[PDB]
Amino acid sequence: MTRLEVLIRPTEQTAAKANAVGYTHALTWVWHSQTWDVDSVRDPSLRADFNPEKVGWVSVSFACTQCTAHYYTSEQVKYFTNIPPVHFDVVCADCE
């Protein structure tokens, strides 16, 4: 399977806190299959609220725009919360 890299950095609201502890980005790998290797699936760069007391979830959903093929995956991210959800509504590998 293929990996997608997700970059998460602080919202402006939490940037001072994140810089104070010295923790200014998270990088998360998300795995998916060949179905979803397509040009429209690009590595996301997200903004979320840094909080050294919390653990948030990054969720990435894939859905084909022609067929009914879909996939959902989610991973924990230490110290970031209110991570926006990622959606790839694309033409799948096969449908292309």
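Don't overthink the numbering: it's just position in the shown sequence, from 1.
Student: Higher mean Cα B-factor in the deposited model: 48 to 56 or 61 to 69?
Tutor: Stretch with the greater average CA B-factor: 61 to 69.
Student: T14: which third of its chain by C-alpha temperature factor?
Tutor: As the PDB entry reports it, the C-alpha B-factor of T14 lands in the lowest third of its chain.
Student: Please say which third, lowest, middle or highest, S74 falls into when its CA temperature factor is compared across its chain.
Tutor: Middle third by C-alpha B-factor.
Student: Could you tell me which third, lowest, middle or highest, the C-alpha B-factor of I8 occupies within its chain?
Tutor: Answer is lowest: the recorded C-alpha B-factor places it there.
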